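*Asks:* Just the structure for this:
(chains A, B and C)
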Amino acid sequence: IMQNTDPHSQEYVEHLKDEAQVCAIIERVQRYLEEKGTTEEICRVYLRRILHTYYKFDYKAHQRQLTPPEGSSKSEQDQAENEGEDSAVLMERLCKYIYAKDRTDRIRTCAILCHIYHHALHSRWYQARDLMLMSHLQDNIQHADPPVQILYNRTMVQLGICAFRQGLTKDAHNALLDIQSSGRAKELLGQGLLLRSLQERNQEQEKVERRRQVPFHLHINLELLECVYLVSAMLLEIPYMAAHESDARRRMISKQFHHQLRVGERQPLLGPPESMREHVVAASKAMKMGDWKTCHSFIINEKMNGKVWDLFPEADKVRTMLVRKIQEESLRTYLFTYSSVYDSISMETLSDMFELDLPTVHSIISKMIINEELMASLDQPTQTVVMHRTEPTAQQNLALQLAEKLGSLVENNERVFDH
Amino acid sequence: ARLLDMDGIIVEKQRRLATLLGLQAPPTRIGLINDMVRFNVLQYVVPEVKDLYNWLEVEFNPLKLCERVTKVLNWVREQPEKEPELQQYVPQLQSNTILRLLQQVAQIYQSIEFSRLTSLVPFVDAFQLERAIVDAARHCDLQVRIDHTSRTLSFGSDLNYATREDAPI
Amino acid sequence: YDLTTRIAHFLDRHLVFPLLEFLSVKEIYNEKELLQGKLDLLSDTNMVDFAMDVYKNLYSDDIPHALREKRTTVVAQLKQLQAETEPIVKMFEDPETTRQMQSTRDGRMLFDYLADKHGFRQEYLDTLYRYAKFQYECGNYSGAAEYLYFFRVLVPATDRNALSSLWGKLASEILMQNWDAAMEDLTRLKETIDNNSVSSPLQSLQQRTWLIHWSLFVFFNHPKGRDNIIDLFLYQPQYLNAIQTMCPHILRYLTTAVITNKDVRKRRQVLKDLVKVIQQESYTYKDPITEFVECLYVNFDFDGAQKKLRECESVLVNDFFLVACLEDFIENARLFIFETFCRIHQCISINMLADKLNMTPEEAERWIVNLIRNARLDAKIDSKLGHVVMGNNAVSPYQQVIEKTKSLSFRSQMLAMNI
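*Replies:* Numbers count the residues shown, from 1 in each chain, chains lettered A, B, ... in the order given. Here you go:
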């Protein structure tokens, strides 16, 4: 069914309702179990049931917790609801042994990928991060058949998502990097044409994917996935390149968000952004200039366009996570250029201006001058910096010093080859 | 983008745009205005505005300019019979007049207290404008030590002489 | 980690001998008393550390476990109950058993002498069988267990016996306060687990816990033990993957072992690979002291840092736990942060410093002058104010490359110039 009915629109709803009803059925087929009694094979009812529990939502992992738990009914039924949210992550603990018991890699690598899903969304991303790092299913997917390849890709999405939802640029980068090196998420979700560049032959074989994959209600937006990746990297790389073009350059890395920004950067003709790419480029330029203001443009407007914002109840959180990072890294991009110009700084100004507070701006500027290896002297009780780090001619001098220094270093390879 | 990558692949396109517009090279600035005012342009110009550039281009004097221009600003910023087209071009051109003023006073003064500096310049807010100066300063149009412990500004006689002060090109 | 795919199945089903129980309802600071209730079970009944609690804050809840030990001395437990004015009428079974033990002993004691006398293997191994039997019945019989394992530790079924016996000995000898004999097992028990059996987690992780045990107390130079244990099962703050295990003072005592006896170079290795890892993410949610000790430090807070650091030292001096380095931590907890705070600094007041840590400014002065004597900072005192000044902005890094970039090429062109 949930394949041949199509799609944005509507026969659709009585069919969703049959879906409700089959939910019913599978529920039913569960409590009954005389099986041979209880435990020891039923587990597959349980399997079906967790396949119809697994891809459900923040709102139904937090109808137990944020439909108010002292505002909700105290009736055995409400506990059966609060236990109903437990009952799938229960059958993990239970029915491992009822499988627990089969070692078959193709069901092991399948099951655990669905389990790591539950964690990051319903609960801790910690437990999600733990579970895959324990399992080491990078080796095991080789032993697994090509549906579970799709699950491996699919699970990696939702972890780079809940990286960005917990607010960690780094982990969201590395997670969503592996997908965005490629343009195969298309064919992995069973959507690919034979020609959509030139590559994707042959006819009778891509139909296998159409037959095996996939209901529409399990999908995610790829512009989401794109933007979430390109924004994670943004906060890492714009200070990085601000540092680089203040002549810290030797760390300039291709085939990264650097490239993905570059292709959009080199438009002669961009005015207002009307694509999600262009909204990323738009906020990127604002970040370079170091105005907070330009971040807010794409974070509000393109997220309404685009409904990158409107798919999370945690967009409320992730707003604050985005905002203060922008305000800190924009301050940092500003400082990477401006610090030649300074003689000193009212650190109080920076707090007021970038909308931050002194305890944090202390810790920021403290971390900065330690680890970015600046020639600032930092009076933290007086809230003053005294810097005086020269020279504008240095931009040429250090550059020819490098051009010089590069001479001898390659030259020693030309020696060591020769001999 | 240019200052980053090297480097265009981003100039011949501008030349092409110029051609399109009918030009062969790249337009220039209030230079442009000299251009299209070699004609009888000091005249037809309606005198809502006739005596606003008689400040900006013609009249001196840094420590009065933002004062002087406040009234022809308030005049033109009533938009509906004067082409609403104009009055979205006005806020940038107001900042451009400030930008003009900010460049001069690095040669008029060698230092100035920020409290004096506030009174020199009629504007909406100081908290806004300082950041727009620090922006211009960061984009190397002038050199200032506007941020500083006392909250006072130092333009400096030379210190280290560079084209950062001069606005470089 | 790679063992953790296997620990994932087991789900915390470890094999402690008192089974779960320690002292009940307790009143004092709790992350302290955490580790006591932990190691009560993991050490096979502690003893002294029944009473180690009861000193500061009285309980009668040490009495239940004070019924239940026989290998420390049977009758020592038979008194502590009587002291709490308890009728205990039917103590007729330990007088029965441990009497008839002596009737059994007069055989083995006779056979034992005659065999080591002759130097005759068979008479000694049949004794070793009779005697390794005997010593776990009651190990008081204190020196007898040491005598038993002096000549031969290789019993009929070597490792399984040897493990539980050397562990029963490492346990009982620490309880007897015979720390020379316990130091004998410090050689031998750790070697036995490094000669691992199956290497199932229930074995391995318990054995890994038993390494934390001999290092706990402190006889001689257990900081050598630190350097040895950290290079075993490598670089984990518990050694036990899966985050169930919580041991606060393994890291506090490691922090003491690093700083008080060695350089701190050498502590930012720790700050990465023991203060940030998967196990320790769990831990950072929990323990107040060890959190303040590092999180405040690495963020380069000074205000909340050196205050809440100084606050830790109130909870430190409440420690009646076996440590014997308790005050050199109190010392270094002020030293270590100060160096790092002042590292990039302009001008700190000796007076502000002395207000904080509750010393006189003279003390703080000679302290600072001794931190500069030790050359942990290059600084100089503004004596008139009583402020201390770091001010290196160290401009002109050009010349660093210039000497060697030609002195390399000059002498390296000599190569190709030769032939």
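*Asks:* name the helices or strands packed onto the one helix or strand residue A:404 maps to?
*Replies:* Here residue A:404 sits within helix A:394-418, counting by DSSP states H and E. In this structure, helix A:394-418 makes packing contacts with helix C:399-418, judged by 3 or more CB pairs under 8 Å, 6 or more residues apart in numbering or on different chains; DSSP states H and E. Heads up, the C-betas are built off the backbone N, CA and C, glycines and all.
*Asks:* I'd like to check the angle between the helix it packs on and helix A:394-418, please.
*Replies:* With axes from the mean of the first three to the mean of the last three CA atoms, to 10 degrees defining the directions, helix C:399-418 sits at 30 degrees from helix A:394-418.
*Asks:* ok, and what's touching helix C:399-418?
*Replies:* By CB atoms under 8 Å, 6 or more residues apart in numbering or on different chains, the list of residues contacting helix C:399-418 from outside reads A:401, A:404, A:405, A:407, A:408, A:411, A:412, A:415, A:418, A:419.
*Asks:* buried stuff in the helix holding residue A:404?
*Replies:* Counting neighbours by 16 or more other CB atoms under 10 Å in any protein chain shown, one finds that the buried residues in helix A:394-418 are A:394, A:398, A:401, A:408.
*Asks:* and which of the residues you listed is nearest residue C:383?
*Replies:* Taking CB to CB as the measure, residue C:383 sits nearest to residue A:394 out of these, at 36.2 Å.
*Asks:* okay, which residue is most central for chain B?
*Replies:* Ranked by distance to the mean C-alpha position of chain B (CA atoms, centre = their mean), the top residue is residue B:96 at 2.4 Å.
*Asks:* burial count for residue 63?
*Replies:* Looking at chain A here, since you left the chain open. Burial of residue A:63, expressed as a neighbour count using other CB atoms under 10 Å in any protein chain shown, amounts to 16.
*Asks:* think we crossed wires, I meant chain C
*Replies:* Under the criterion other CB under 10 Å, the count of neighbours that residue C:63 has is 17.
*Asks:* Contacts only, for it.
*Replies:* When contacts are taken as CB under 8 Å, 6+ apart, residue C:63 is in contact with C:80, C:81, C:84, C:86.
*Asks:* Let's see that with 10 Å instead.
*Replies:* With contacts defined as CB atoms under 10 Å, 6 or more residues apart in numbering or on different chains, the neighbours of residue C:63 are C:23, C:50, C:54, C:77, C:80, C:81, C:83, C:84, C:86.
*Asks:* A strand includes it, no?
*Replies:* No: with DSSP: H, G, I helix; E, B strand; the rest coil as the criterion, residue C:63 is located in coil rather than a strand.
*Asks:* For residue 13, give me its contacts.
*Replies:* Just going to use chain A. residue A:19.
*Asks:* nope, chain B
*Replies:* Going by CB under 10 Å, 6+ apart, residue B:13 touches A:266, A:267, A:268, A:269.
*Asks:* Can you get me a residue count around the nearest residue to residue C:129 once chain neighbours are set aside?
*Replies:* Closest residue in space to residue C:129, ignoring its immediate chain neighbours: residue C:156 at 5.5 Å, by CB to CB, 6 or more residues apart in numbering or on different chains. Counted by other CB under 10 Å, the residues lying close to residue C:156 total 11.
*Asks:* give me phi/psi at the residue nearest the centre of chain A?
*Replies:* Within chain A, the residue whose C-alpha comes closest to the C-alpha centroid is residue A:160; the distance, by CA atoms, centre = their mean, is 2.8 Å. Note on residue A:160: backbone dihedrals following degrees, to the nearest 10 are phi -70, psi -30.
*Asks:* Figure out the helix or strand that the closest residue in space to it that isn't next to it in sequence lives in.
*Replies:* Nearest-residue entry for residue A:160: residue A:175, 3.1 Å, with adjacent residues in sequence omitted and distances by CB to CB, 6+ apart. Using DSSP H and E, the secondary-structure element containing residue A:175 is helix A:169-180.
*Asks:* list the contacts for residue 324?
*Replies:* Assuming you mean chain A. Applying CB under 10 Å, 6+ apart, the residues near residue A:324 are A:167, A:292, A:354, A:355, A:356, A:357, A:360.
*Asks:* you looked at the wrong chain, it should be chain C
*Replies:* Shown here is residue C:324, whose contacts under the criterion CB under 10 Å, 6+ apart are C:217, C:218, C:219, C:222, C:256.
*Asks:* quick one on the thing from earlier: now do the helix holding residue A:175: everything it contacts.
*Replies:* With CB under 10 Å, 6+ apart as the contact definition, helix A:169-180 has outside contacts at A:125, A:129, A:153, A:156-166, A:168, A:185, A:188, A:222, A:225-226, A:228-237, A:256-257, A:260, A:321-322, A:325, A:329.
*Asks:* The residue nearest to the centre of chain B against residue B:65, yeah?
*Replies:* No: using CB atoms under 10 Å, residue B:96 and residue B:65 do not qualify as a contacting pair, with a distance of 11.9 Å.
*Asks:* what about the strands in the chain?
*Replies:* Picking chain A for this. Assigned strands in chain A, in chain order: A:344-346, A:377-379, A:384-386 (criterion: DSSP state E).
*Asks:* I was after chain C.
*Replies:* Along chain C, the segments classed as strands by DSSP E run C:347-349, C:380-382, C:387-389.
*Asks:* re the thing from before, in helices, which of the contacts of residue A:324 appear?
*Replies:* Judged by DSSP state H, the subset of the contacts of residue A:324 located in helices is residue A:360.
*Asks:* tell me which residues in stretch C:110-118 are buried?
*Replies:* Those buried within stretch C:110-118 under the rule 16+ other CB under 10 Å are C:111, C:112, C:115, C:116.
*Asks:* Excluding sequence neighbours, find me the nearest residue to the last one.
*Replies:* Looking back up the chat, that one is residue C:116. Counting by CB to CB, 6+ apart, residue C:124 is the residue found nearest to residue C:116 once chain neighbours are left out, at 6.2 Å.
*Asks:* ok now do residue C:176, which residues does it touch?
*Replies:* Remark: with contacts taken as CB under 10 Å, 6+ apart, residue C:176 is in contact with C:47, C:48, C:71, C:72, C:73, C:139, C:140, C:142, C:143, C:145, C:169, C:182.
*Asks:* Need these in a markdown table (columns: neighbour count).
*Replies:* A markdown table is the format used below for the contacts of residue C:176 (neighbours: other CB atoms under 10 Å in any protein chain shown):
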| residue | neighbour count |
| --- | --- |
| C:47 | 23 |
| C:48 | 13 |
| C:71 | 23 |
| C:72 | 18 |
| C:73 | 16 |
| C:139 | 24 |
| C:140 | 20 |
| C:142 | 19 |
| C:143 | 13 |
| C:145 | 27 |
| C:169 | 26 |
| C:182 | 22 |
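*Asks:* which non-adjacent residue is nearest residue B:151?
*Replies:* Counting by CB to CB, 6+ apart, the residue nearest residue B:151 is residue B:114, at 4.7 Å.
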